[PDB]
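Student: In PDB author numbering, the protein residues as written are 1 to 164. Ideal placement from N, C-alpha and C gives every residue a C-beta, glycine not left out. First the structure, then my questions, so here it is.
The following block contains the structure:
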(Lines of atoms letter the chains of each structure in order from A and count residues from 1; the text may use other names and numbers.)
(Lines give C-alpha, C1' and ligand atoms only; values in the text may rest on other atoms or scores of the structure.)
Protein backbone atom coordinates (compact mmCIF):
# COMPACT_ATOMS: atom_id res chain seq x y z
CA UNK A 1 0.00 0.00 0.00
CA UNK A 2 2.12 2.86 -1.31
CA UNK A 3 -0.31 4.64 -3.63
CA UNK A 4 -3.86 5.85 -2.96
CA UNK A 5 -7.08 4.17 -4.09
CA UNK A 6 -10.64 3.85 -2.80
CA UNK A 7 -10.55 6.47 0.01
CA UNK A 8 -12.76 5.87 3.05
CA UNK A 9 -14.83 8.39 5.02
CA UNK A 10 -12.36 10.27 7.22
CA UNK A 11 -11.60 13.90 6.40
CA UNK A 12 -12.70 16.08 3.48
CA UNK A 13 -11.18 19.39 2.37
CA UNK A 14 -10.32 21.35 -0.77
CA UNK A 15 -8.23 24.19 0.67
CA UNK A 16 -5.27 23.02 2.76
CA UNK A 17 -4.78 20.07 0.41
CA UNK A 18 -4.48 22.43 -2.56
CA UNK A 19 -1.54 24.22 -0.93
CA UNK A 20 0.27 20.91 -0.51
CA UNK A 21 -0.22 20.01 -4.17
CA UNK A 22 1.53 23.20 -5.27
CA UNK A 23 4.44 22.49 -2.92
CA UNK A 24 5.09 19.07 -4.44
CA UNK A 25 4.52 20.47 -7.93
CA UNK A 26 8.12 20.51 -9.15
CA UNK A 27 8.73 23.02 -11.95
CA UNK A 28 11.50 22.70 -14.53
CA UNK A 29 14.09 25.43 -14.78
CA UNK A 30 15.91 24.94 -18.07
CA UNK A 31 15.47 28.57 -19.13
CA UNK A 32 15.31 29.75 -15.57
CA UNK A 33 18.59 31.65 -15.17
CA UNK A 34 18.78 31.12 -11.40
CA UNK A 35 16.81 30.87 -8.15
CA UNK A 36 17.45 33.07 -5.11
CA UNK A 37 16.73 31.68 -1.65
CA UNK A 38 17.06 33.92 1.40
CA UNK A 39 17.52 31.49 4.30
CA UNK A 40 17.65 34.21 6.95
CA UNK A 41 14.11 35.16 5.97
CA UNK A 42 14.71 38.62 4.51
CA UNK A 43 13.37 37.55 1.11
CA UNK A 44 11.19 34.58 0.06
CA UNK A 45 12.43 32.08 -2.53
CA UNK A 46 12.15 34.00 -5.80
CA UNK A 47 12.78 32.40 -9.18
CA UNK A 48 15.16 34.37 -11.39
CA UNK A 49 14.82 33.63 -15.10
CA UNK A 50 16.16 34.63 -18.48
CA UNK A 51 15.77 33.75 -22.17
CA UNK A 52 18.15 31.07 -23.45
CA UNK A 53 17.77 32.36 -27.00
CA UNK A 54 19.43 35.58 -25.88
CA UNK A 55 22.53 33.63 -24.85
CA UNK A 56 22.75 31.96 -28.27
CA UNK A 57 22.85 35.35 -29.99
CA UNK A 58 24.76 37.17 -27.24
CA UNK A 59 25.79 40.83 -27.46
CA UNK A 60 22.49 41.92 -29.03
CA UNK A 61 20.42 39.94 -26.52
CA UNK A 62 21.92 39.60 -23.04
CA UNK A 63 20.86 42.29 -20.57
CA UNK A 64 18.83 41.22 -17.53
CA UNK A 65 19.30 42.18 -13.89
CA UNK A 66 17.45 41.33 -10.68
CA UNK A 67 17.01 43.82 -7.83
CA UNK A 68 16.06 43.28 -4.20
CA UNK A 69 14.52 46.25 -2.43
CA UNK A 70 11.90 48.93 -2.69
CA UNK A 71 10.45 47.86 -5.97
CA UNK A 72 7.09 46.44 -7.09
CA UNK A 73 9.16 43.28 -7.34
CA UNK A 74 12.22 44.07 -9.33
CA UNK A 75 13.72 40.86 -8.13
CA UNK A 76 11.39 40.80 -5.14
CA UNK A 77 8.67 43.16 -3.86
CA UNK A 78 9.37 44.06 -0.22
CA UNK A 79 8.57 46.78 2.29
CA UNK A 80 10.29 50.17 2.34
CA UNK A 81 13.00 50.41 5.00
CA UNK A 82 15.42 53.36 4.86
CA UNK A 83 18.18 51.04 6.12
CA UNK A 84 18.47 47.46 4.82
CA UNK A 85 15.49 46.29 2.82
CA UNK A 86 15.00 48.84 0.04
CA UNK A 87 17.14 48.55 -3.09
CA UNK A 88 19.49 46.54 -0.90
CA UNK A 89 21.04 44.42 -3.63
CA UNK A 90 20.99 43.31 -7.24
CA UNK A 91 21.82 40.38 -9.53
CA UNK A 92 23.19 40.85 -13.06
CA UNK A 93 22.86 38.42 -15.96
CA UNK A 94 25.10 38.49 -19.02
CA UNK A 95 28.76 38.79 -19.97
CA UNK A 96 29.31 35.82 -22.29
CA UNK A 97 26.10 34.30 -20.93
CA UNK A 98 27.56 33.85 -17.45
CA UNK A 99 25.89 35.32 -14.36
CA UNK A 100 26.99 38.22 -12.16
CA UNK A 101 25.91 39.44 -8.72
CA UNK A 102 25.62 43.14 -7.95
CA UNK A 103 25.76 44.01 -4.30
CA UNK A 104 23.81 47.18 -3.78
CA UNK A 105 23.31 48.10 -0.16
CA UNK A 106 23.21 51.33 1.80
CA UNK A 107 26.36 50.99 3.92
CA UNK A 108 27.48 47.35 3.82
CA UNK A 109 27.19 44.27 1.57
CA UNK A 110 28.87 40.94 2.35
CA UNK A 111 29.89 37.92 0.32
CA UNK A 112 30.25 34.64 2.23
CA UNK A 113 31.42 36.57 5.28
CA UNK A 114 33.58 38.92 3.24
CA UNK A 115 32.44 42.53 2.99
CA UNK A 116 32.51 43.76 -0.61
CA UNK A 117 32.12 46.94 -2.66
CA UNK A 118 28.67 48.36 -3.40
CA UNK A 119 27.25 48.27 -6.94
CA UNK A 120 30.08 45.83 -7.61
CA UNK A 121 29.21 43.05 -10.07
CA UNK A 122 30.39 39.59 -9.00
CA UNK A 123 31.19 36.37 -10.81
CA UNK A 124 28.45 33.82 -10.21
CA UNK A 125 29.29 31.11 -7.73
CA UNK A 126 27.69 27.74 -7.01
CA UNK A 127 25.25 28.35 -4.19
CA UNK A 128 26.78 31.78 -3.57
CA UNK A 129 25.53 33.84 -0.64
CA UNK A 130 25.49 37.57 0.17
CA UNK A 131 25.28 38.80 3.76
CA UNK A 132 23.89 42.17 4.83
CA UNK A 133 23.33 44.23 7.96
CA UNK A 134 26.53 43.14 9.65
CA UNK A 135 27.66 44.34 13.04
CA UNK A 136 25.71 42.19 15.45
CA UNK A 137 25.42 38.41 15.17
CA UNK A 138 21.73 38.93 15.93
CA UNK A 139 21.25 41.61 13.26
CA UNK A 140 22.77 39.99 10.20
CA UNK A 141 20.77 39.10 7.10
CA UNK A 142 21.80 36.48 4.55
CA UNK A 143 21.01 35.92 0.89
CA UNK A 144 21.65 32.74 -1.11
CA UNK A 145 21.44 32.05 -4.84
CA UNK A 146 20.81 28.56 -6.21
CA UNK A 147 21.88 28.24 -9.85
CA UNK A 148 20.26 25.51 -11.94
CA UNK A 149 22.97 23.30 -13.45
CA UNK A 150 20.45 22.53 -16.19
CA UNK A 151 21.08 25.94 -17.74
CA UNK A 152 24.83 25.33 -17.78
CA UNK A 153 24.28 21.92 -19.39
CA UNK A 154 22.41 23.55 -22.27
CA UNK A 155 25.25 25.97 -22.99
CA UNK A 156 27.69 23.06 -23.14
CA UNK A 157 25.49 21.18 -25.61
CA UNK A 158 25.51 24.31 -27.80
CA UNK A 159 29.23 25.10 -28.02
CA UNK A 160 30.64 27.61 -30.50
CA UNK A 161 32.47 26.30 -33.57
CA UNK A 162 32.70 26.60 -37.36
CA UNK A 163 34.56 23.45 -38.40
CA UNK A 164 33.16 21.46 -41.32
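Please specify which runs of the beta strand (DSSP E), each continuous and at least 3 residues long, are wholly inside the region 33-67, giving them in chain order.
Tutor: You should have 34-37 and 46-48.
Student: For residue 140 and residue 133, what's the separation of their Cα atoms in angstroms?
Tutor: Cα to Cα, residue 140 sits roughly 5 Å from residue 133.
Student: Per DSSP, residue 31 forms a beta bridge with which residues?
Tutor: Paired residues: none, contrary to the question.
Student: Which residue from 115, 138, 136 and 119 puts its Cα closest to that of residue 129?
Tutor: Nearest of 115, 138, 136 and 119 to residue 129, Cα basis: 115.
Student: Any idea which residues DSSP pairs residue 153 with across the strands?
Tutor: Note: residue 153 sits in no beta bridge, so no partner.
Student: When we look at the beta-carbon of residue 91 and count the other beta-carbons within 10 Å, is it buried (16 or more) or exposed?
Tutor: Flag for residue 91 reads buried.
Student: Return the first residue and the last residue of the beta strand (DSSP E) that residue 26 is part of.
Tutor: Careful: residue 26 lies outside any beta strand (DSSP E) and carries neither H nor E.
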